[PDB]
Amino acid sequence: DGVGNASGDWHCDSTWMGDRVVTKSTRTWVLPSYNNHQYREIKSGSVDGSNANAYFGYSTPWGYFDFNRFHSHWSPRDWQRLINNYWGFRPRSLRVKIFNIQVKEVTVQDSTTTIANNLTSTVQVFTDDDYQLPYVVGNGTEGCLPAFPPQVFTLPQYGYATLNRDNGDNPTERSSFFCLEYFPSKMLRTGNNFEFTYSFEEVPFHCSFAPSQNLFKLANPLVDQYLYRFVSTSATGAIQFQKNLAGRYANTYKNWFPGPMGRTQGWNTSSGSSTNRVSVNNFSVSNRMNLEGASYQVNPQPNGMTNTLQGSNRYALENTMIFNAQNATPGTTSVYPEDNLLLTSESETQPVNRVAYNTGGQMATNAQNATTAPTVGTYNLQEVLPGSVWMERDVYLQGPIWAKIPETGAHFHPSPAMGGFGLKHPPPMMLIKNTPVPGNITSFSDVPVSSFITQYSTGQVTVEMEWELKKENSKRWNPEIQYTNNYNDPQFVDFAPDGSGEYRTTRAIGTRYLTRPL
Amino acid sequence: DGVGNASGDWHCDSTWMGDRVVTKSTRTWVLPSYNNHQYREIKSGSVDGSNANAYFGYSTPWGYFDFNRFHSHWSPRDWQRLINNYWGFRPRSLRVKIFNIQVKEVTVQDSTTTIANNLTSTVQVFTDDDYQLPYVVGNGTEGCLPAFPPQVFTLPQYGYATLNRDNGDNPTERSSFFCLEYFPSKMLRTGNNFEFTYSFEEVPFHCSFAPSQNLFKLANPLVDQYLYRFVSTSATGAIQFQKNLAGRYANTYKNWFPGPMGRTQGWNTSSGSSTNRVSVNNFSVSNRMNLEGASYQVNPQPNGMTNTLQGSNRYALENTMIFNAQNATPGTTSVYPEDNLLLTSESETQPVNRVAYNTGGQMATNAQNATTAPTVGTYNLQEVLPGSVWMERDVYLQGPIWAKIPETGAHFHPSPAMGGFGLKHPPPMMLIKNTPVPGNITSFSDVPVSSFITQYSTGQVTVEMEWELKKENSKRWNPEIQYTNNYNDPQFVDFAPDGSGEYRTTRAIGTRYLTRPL
Amino acid sequence: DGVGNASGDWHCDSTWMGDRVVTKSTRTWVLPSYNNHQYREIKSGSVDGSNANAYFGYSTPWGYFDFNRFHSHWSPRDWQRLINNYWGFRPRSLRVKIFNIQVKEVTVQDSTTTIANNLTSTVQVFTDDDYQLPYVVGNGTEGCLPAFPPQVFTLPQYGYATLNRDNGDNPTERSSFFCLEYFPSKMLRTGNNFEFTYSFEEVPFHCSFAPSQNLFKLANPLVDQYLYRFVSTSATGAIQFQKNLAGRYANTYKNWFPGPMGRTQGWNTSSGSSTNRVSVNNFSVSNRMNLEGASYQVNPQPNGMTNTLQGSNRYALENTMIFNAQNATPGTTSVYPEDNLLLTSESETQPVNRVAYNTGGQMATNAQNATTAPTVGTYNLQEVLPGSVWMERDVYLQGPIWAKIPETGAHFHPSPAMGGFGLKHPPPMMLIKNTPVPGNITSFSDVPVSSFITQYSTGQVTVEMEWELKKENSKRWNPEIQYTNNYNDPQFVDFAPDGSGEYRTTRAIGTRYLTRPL
């Protein structure tokens, strides 16, 4: 439209309206010129002594928008206002918009950089609606709209790993190359704006409630069962039985079973550091799966377990999600202690899921004769059994919203190990890059031009989601537990900028606070 | 209708029409008089030293039509034209028709056989629409319309095993006898024709595409994760963490897991014969399940694995489908080398399923103290876990189309271990027999007549199926892999008759050629 | 319909109606069971010392109907009545019909054959409408409806050669196998009949007239030309000219040129046998073309030449069509003298085409200086030049009607070297075979049945063509030449059966009798 006329406004709010809440977030982004407008074949061999780190892929000159973290849509006070009052929620719509673009031309002429703004330069933008490109948004990768609205962020570079050969850095005949210029983009100059809308498929609500009943204590503790149980054998080998009394839950007949489990190791946090074994490189002793002759660590393991038992300091670290209070810089290989790290705890599920560092149970190892005695054998892993129930991992303010389910054809219970909603058709990926502008060419050459003017672009992005809520209707009498701002001797305010202007976040707020009778 | 007037024509073609293809095949069959028009109680005791080979059942005087193999509807050139251009397909309809029947009366009088044609003899035909009879069509049994149209085939005899007692050849009180004359058939003389139509329930498409991304390399290899991971313990027992860098897929947090697995043994094909252990009777060392006190080999194991790792000669033979190039005769107990055998390979799934001869992974065996060190224990079998994905076995031109799901009431993921579509109500079984004509009886006898005129029948059968296709829409740039007629120094043409007139087929054409970004 | 009711009548006549003539011919055929209902891969290596005789192909169990010879539609008296009165003709329609079928079952039981007729057996019939099969009808092959209506004929076996490798009997990766059962046929029992109609594309008339003017004598022989011609050089090197007088056709300026030519060798017929060189194996000294490293004799050479010069006994045998008076048996490798052979002569074209055993002309070999003298060099081959005219080979009563033009994409002047009409879509091929009836099978076997009852079929075929004629309108005064029954001391009547009942034909009647002023 016009140079001296704004393309859009800054909308950033929330609007609770009964069983729906619409959130809105605007942010300023900056897009570098990655790979000097080229495609490069990136590849790696086995690093760290693990050929699972060996890949082969392509880095493109595009950047993408990632809105896959909760704190990109919710403020800490609107999150709290949700987890204290509702039993669940699920996304219903999405509507992204890019506007107020500005392309800047950088020039380092004379060992001195001068930033002037180009008014005729464009920016390319397209959304992958049919899922024809490798999805990279739902894998816990950095680069999402910052948590704090004032913060400006750089868009991350697009790239993807494709099939490599024999755990090496070479390709196979099936390795594919996707050209992103082969998609119909839209071009934008300073006066234009891009819009895009989407609507989620039905997905089941997330359950933001914790159970207030043990799964193996569902029976009435006053009435006895009309069922008997084999208790022992007499001297005559004759089998004897005994009735299941009331309150004796160790012996009652059950109807439902806890869910899957896979033992991990447990490590004690600070308080008990003394107990933990000294100097142990976990890699060698971690839970790992093999895929094509390579060993990959499967953190955070499949759903159906609790990393900790409420009341203890021991932790199943490989079944845990570990974030970082203070954001970090790319390429950091520094070793950090637990202090500035937010170890999430899923213990409000202990009533239904099993601890990840204990044996799942015991079963029989043989057959008793007039000779051999009955023997039991504890097991460390048990998968899904018919009639089992479990609770899924919880979502955090600083955690991921959705994940894309791989379209292989067959899958069981599509719920991402990192929490969130599993989707067959998740929000499209929105790529963007700066259309290249050639330097001073002066003669023909069937060779492509490699001299480009260095540029970068800035702009705003507004993303407005709509969520559906599930009202809590409990007849609990006494008061419940809520998420509260409980600090002692505060030297700073949490979820707010400190003296220098850097945003602080010392807590990981989850979602399971309210309760429900199993 | 009439003797000197044909009941139907010979339709045999294919007709591609966008997202649908209709195939049609006609063939000539011959029906012997099995069991001299009687029902016999067939039974066997433990043979080969395995009481699992002990059964009890009934052989009937009926024969049936089996269209449960792909190469009964597709030519090698129409198969190829499908697997190179589509991402999947599924059957939509069926329409069988029997016509141009001819009953012949054989007579060996005077040590010399004279074949004359009986014009008044009938043939009985009925389709089991309610699934009231034991289904025997989807179990990989011979007897299907030949691959080559010119070939004439004999219909196989119907029979079934019912409950036997204590792994013996005796019946139980629950053993059932089904009388097939107790169904309303239709009778046909030379001028009549039988028709029958059917339509499949919705079934999910088969996925004829291979993934072009590893399941554990879905993250962007340029951006790092905002998650940390327990890496080791300090001398103070204090736990230390480290950030998940980019491209280090051995350590990233994953969202999805590979599918089920059950270790089988792996044997090296020719090239590596030297490595294989010498003289091993597999039975004793094979994967077996127990059902009622008997050990059965479970080949080809459940879905979710790859029999081989692309680039190697090693094979998980018990997880493999093994066909035969040159068709064989009934009762052959000869030992064959790999040469004339088509060992199918499911490696275009290696990116998502695990190899069947490697350990599935490692997990923890204990709990580390200030005393005990962390220990891991490799596992050989792991079943379905929540959030796992796998790809189903592929279909072959020479393999089965569908299978009937047992109507027990409870089942998980109904997909036949041998590939194809699992159906609750599969195409009805079509039985047929020659109505008996008595010899010269001359006096009453309350005893049934046992003297019959020997006869046989011939005729044509046309089966026309309709399939639905799933168009491929990929934005891959470089060229894909296709199924091509790549032979070197051909001494004969494949998929064509040789000097003597015998049909040759040296390859097993599968379905997974195209690719898709996971 | 019915057994005791005829399917069709015997129509065999001609009906002249102005500018159209409709011919009709019925005949009785017999169809053997070729290849015992099988497909065989036929192949040959280099035979006769020529690797051009090495092929690789397939013989099928089908037979076909061939109506590609003129004497299958015309009687000698209706042919004569055409070539004496019209200036040309061309086919307009076609309409074949098969009826009154009868399948017979042969039995050699007891060293004694008994032919009984099977009333339930069928016969399969289909026409290749889209030209998807190798066409073999227009290559001068035997097997066409006999010349004489009373004669019964056996249908010839279908087969075709496909690509062979390096002039050997092995196939290439491109060698194709066509299954004829893969086409939708129609089945016929004794009471049924098959019909089929077709209409030719526009094709230019054949020109059944000879020119009555030399191509180089078109000018008026009374008037002189206003053009001069370089005649010589004076002693001064000065060039001199002279006017083109009247009647001096050796020197006139011409406007049109004779057509293509390629010198062959000329051999004298009987009268001059003495002159011919003694004992010469032509193969080594014949006109041959090379295609893929093999030498093939190109008889009868391309159009545009006359095999003989009217008034001489010399013959360009390789540019000649040689038929046989008395029909012969298959596999005869006997050497025959000219006597019972009909050597066609194309001399009524000598006014426009050049003799095939003379040098085509002379041209210049150098450049004359004050030193070198002018030299000429006779040429033996000259192809098409702009502004050239020629006349095509003539058609004979015993010769072919049409030919199919290969669908390569590029071609020049599509007129078959053997005469007739070149067609892009010629009359479809009509294949037919006896549906197989199995012997006494008694047990299942996944192996195809190989025991068949020996049968053969008989029936009638009526083919009715419509032709368009071009009326002659000449203002010639004196009488023309006609084809007349001019024999002297006839010991038998020509074109009629002799004492034994064998049809005689001592002449090859062509088509060029009438004349036209060039």
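Each remark here, short or long, concerns the structure printed above.
Residues numbered from 1 in each chain as written, not as in the entry; some residues may be left out. Chains lettered and ligands numbered in written order. Part of a larger assembly, values for the part shown. Heavy atoms only, no water.

**Section: the overall build of chain A**
Test applied: Numbering of helices and strands runs from the N terminus, with a helix taken as a DSSP run of H or I at least four residues long and a strand as a DSSP run of E at least two residues long. Note on classification: 1.4 Å probe, protein chains only; a residue is buried when its accessible area is under 20% of the maximum for its type, exposed when over 50%, partly exposed between these limits. We call two residues contacting when some pair of their heavy atoms lies within 4.5 Å. For every accessible area listed, the method is Shrake-Rupley and the probe measures 1.4 Å; residues are considered covered only by the protein chains on display. Charged residues are defined here as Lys and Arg on the positive side and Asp and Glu on the negative side; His and the ends of the chain fall outside this count. The atoms used to mark charge sites are NZ of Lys, CZ of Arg, CG of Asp and CD of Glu.
Helix and strand content of chain A: 1 helix and 36 strands. Within chain A, the proportion of its 518 residues that are buried is 51%. Long-range contacts, defined here as pairs at least 24 residues apart, represent 73% of the contacts in chain A between residues at least 6 apart. Carbon and sulfur atoms provide 51% of the accessible area of chain A, an area that totals close to 24100 Å². When the 39 positive and 42 negative side-chain charges of chain A are each reduced to one mean point, those points stand 9 Å apart.

**Considerations on the relation of the copies chain B and chain A**
The cut-off we apply is this: Between copies, superposition follows a least-squares criterion applied to the C-alpha atoms.
Expressed as a screw transformation, the operator carrying chain B onto chain A has a rotation angle of 120 degrees and an axial translation of 0.0 Å, and the superposed copies differ by an RMSD of 0.0 Å. Taken together, these values place the two copies in the relation of a three-fold axis. Interface overlap between copies: only 6% of the residues of chain B at the interface are likewise at the interface in chain A, consistent with a contact formed by different surfaces.

**Some words on the interface of chain B and chain A**
Under the convention used in this document: By buried area we mean the combined loss of accessible area, with a 1.4 Å probe, across both parts when two parts are placed together. By convention in these notes, a salt bridge is any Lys or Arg side-chain nitrogen within 4 Å of a carboxyl oxygen on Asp or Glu. Two N or O atoms form a polar contact when they lie within 3.5 Å of each other; inside protein one atom must be a possible hydrogen donor and the other a possible acceptor, and for residues adjacent in sequence the pair counts only when both atoms belong to side chains.
On the chain A side, the residues contacting the 102 residues of chain B number 125 residues. Roughly 9900 Å² is buried in total at the junction of chain B and chain A, and carbon and sulfur atoms are behind 58% of that figure. Linking chain B with chain A are 3 salt bridges. At the boundary of chain B and chain A, one finds 59 residue pairs in polar contact. Ranked by the residues each element gives to the side of chain B that touches chain A, the list is headed by strand β14 (residues 228–233) of chain B, at 6 residues.

**Examining the relation of the copies chain B and chain C**
Comparison of the two chain copies shows a relationship of rotation about an axis with a shift along it. Taken as rigid bodies, chain B and chain C are interconverted by a rotation of 72 degrees and an axial shift of 0.0 Å, the fit giving an RMSD of 0.0 Å. Put plainly, the chains are arranged around a five-fold axis. Within chain B, the C-alpha atom positioned nearest to the axis of rotation is that of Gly2(B), 6.1 Å from it. Take the interface residues of chain B: only 6% of them recur as interface residues in chain C, which is what a contact between different surfaces looks like.

**Some thoughts on the pairing of strand β32 (residues 429–434) of chain A**
Strand residues, when the strand is regular, have side chains that alternate between the two faces of the sheet. Residue and element names in this part refer to chain A. Spelled out, the test is: Any two strands with at least two DSSP-identified bridges between them are counted as paired.
With 6 of 6 residues buried, β32 lies mostly within the body of the structure. Burial along β32 is two-sided: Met 429, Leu 431 and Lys 433 facing one way and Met 430, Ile 432 and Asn 434 facing the other are all buried. With 3 bridges connecting them, strand β4 (residues 56–65) and β32 associate as antiparallel partners. Within β32, the position partnered with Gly 63 by the bridge is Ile 432.

**Some details on the interface of chain B and chain C**
Between chain B and chain C, the residue contacts involve 63 residues of the former and 54 residues of the latter. At the boundary of chain B with chain C, total buried surface from both sides reaches about 4700 Å², with 55% on carbon and sulfur atoms. In this assembly, chain B and chain C are joined by 1 salt bridge. The partner of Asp489(B) in a salt bridge is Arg165(C), and the shortest N-O contact between them spans 3.5 Å. Here chain B is connected to chain C by 23 residue pairs in polar contact. Of all elements in the fold, only β2 (20–31), β5 (86–105), β8 (152–154), β32 (455–471) and β33 (496–497) of chain B reach the threshold of two or more residues within the side of chain B that touches chain C.

**Some thoughts on the sheet that holds strand β19 (residues 295–297) of chain A**
What holds strands together in a sheet is hydrogen bonding between their backbones, with the strands either parallel or antiparallel. Note the cut-off: Lines are fitted to the C-alpha atoms to define the axes, a helix being fitted only along its stretch in contact, and any angle between axes, read from their N-to-C directions, falls within 0 to 180 degrees.
Here we have 4 strands laid out as an open sheet, ordered β19(A)-β18(A)-β25(B)-β26(B), and antiparallel in their pairing. Looking at strand neighbours, the two that pair on one side only are β19 of chain A together with β26 (376–379) of chain B, the edges of this open sheet. Neighbour to neighbour, the strand axes of the sheet diverge by 30 degrees on average, direction disregarded. Both strand β25 (residues 361–364) of chain B and β26(B) contribute to a ladder of 4 bridges, which runs antiparallel. Residue pairing in the sheet places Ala364(B) in a bridge with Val376(B) of β26(B).

**Focus: the sheet that holds β14(B)**
An order of β23(A)-β15(B)-β14(B) is seen for the 3 strands of this open sheet, with the pairing classed as antiparallel. Sheet topology places β23 (336–337) of chain A together with β14 of chain B at the edges, where each strand pairs with a single neighbour. Summarising the sheet, β23(A) and strand β15 (residues 239–243) of chain B pair through 2 bridges and their orientation is antiparallel. Paired with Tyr336(A) across the bridge in β15(B) is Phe241(B).

**Some details on the environment of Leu309(C)**
All names here are of chain C. Within the secondary structure, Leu 309 is located in the loop between β20 (305–306) and β21 (314–315). Look at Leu 309 and you get partly exposed, because its relative accessible area is 37%. In this structure, the C-alpha to C-alpha distance between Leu 309 and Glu 348, residues 39 residues apart in sequence, is 9.0 Å. Ignoring any residue separated from it by four or fewer positions in sequence, one finds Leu 309 in contact with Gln 350, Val 355 and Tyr 357.

**Looking at the arrangement of the chains**
There are 2 pairs of chains in contact here; the most contacts are made by chains A and B. Chain C makes no contact with chain A, the minimum C-alpha separation between the two being 22 Å.

**Concerning the state of the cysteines**
All names here are of chain C. Condition: Disulfides are defined as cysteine sulfur pairs within 2.5 Å.
One pass over the full model with this rule turns up 0 disulfides over all chains. Unpaired in this structure, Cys 12 has its nearest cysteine sulfur neighbour in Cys 144, at a distance of 16 Å. In this structure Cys 12 comes out as partly exposed when scored by relative accessible area, which is 35%.

**Considering the pattern of salt bridges**
One pass over the structure, following the stated rule, counts 31 salt bridges over all chains. Across the salt bridge formed by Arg90(B) and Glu202(B), the nearest N and O atoms sit 3.9 Å from each other. Pair noted here: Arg90(B) is in strand β5 and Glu202(B) is in the loop between β11 (194–199) and β12 (206–207), with a separation of 112 residues, a long-range link. A salt bridge links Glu181(C) to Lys433(C); its shortest N-O distance comes to 2.9 Å. Linking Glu181(C) in the loop between β9 (157–162) and β10 (186–188) with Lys433(C) in strand β30 (residues 429–434), this pair joins segments that are 252 residues apart in sequence.

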